[PDB]
């Protein structure tokens, strides 16, 4: 059983320790091309990404899942360069990231567009998963969509359905962005269920931000896994809160439904570079191994439970294949 990766197919037994929600480069593509100074030196950016990810691999993570999609500045030829120079597995994603409306590109054709007819968004996702992204030969391993503050706008809803149908065609797992405080997981579960989606093939992201056990257990009950995936993002939820919710959930026997990450990156255009290392010093790829894991053991999370979240769960998730 294999899954596709920025360096081709790997045995799913070779996934190993997997962070289920990371990024390498995030940017608004058109702004970066037009105002390139902040990005600066392309080779330095790329080499820097390779350094950060190689370090991560040397520390004992085997795989990251990069959930950068359309709207987040996805550019796979640059990811191909990074992946070619690290032994870290990089799983790449397709889908579309919006809190509200869809790109102008979708404004004229498709369900709810000015004109319309066939959805064309789904086809684009399927092409990425099954054929490969652009000229690249790299296929997407996972689907990503979002629901935030605005909730189910017609744009957000169109994308959720496009992503649901791409998932039913290919069998690729869905990984989700949500606003946890507004409990947007429940919203996505509803749309997905209406689409006939097997909710156990869905990771609801950013549940790590929540401290509401009832909400998490309600998402699990419908079948989904939970992204405990913004470790280090302490402005949204302090270290202790993030560690406790995971600990509690393990004690309630939900380790088999949780995956971990930082939602970190090497570059994020929308924020001043020099400020973020001082305001969120723990927001990097090594925080889980340096701090979070020990703190978890301190709360009596077993080694078996950690293995489940970091190794067993991602592998199970990625071994479920084929559409329906």
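Positions refer to the first chain, counted from 1.
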Using the B-factors recorded in the PDB entry, average over the C-alpha atoms of 163-171 and of 101-109, then report which stretch comes out higher. 101-109
Which of the two stretches, 225-233 or 208-216, shows the higher mean Cα temperature factor in the record? 208-216
So among 146, 243, 182, 92, who wins on Cα B-factor in the entry? 243
Based on the PDB record, which member of 282, 33, 63, 68 exhibits the highest Cα temperature factor? 282
In terms of the chain's CA B-factor thirds, is residue 277 lowest, middle or highest? highest
Record-listed C-alpha B factor of residue 297: chain third: highest
Is residue 250 in the lowest, middle or highest third of its chain when residues are ranked by C-alpha B-factor? highest
Residue 123 CA temperature factor, ranked by third within the chain: lowest
Which third of the chain holds residue 239 when residues are ordered by C-alpha B factor: lowest, middle or highest? highest
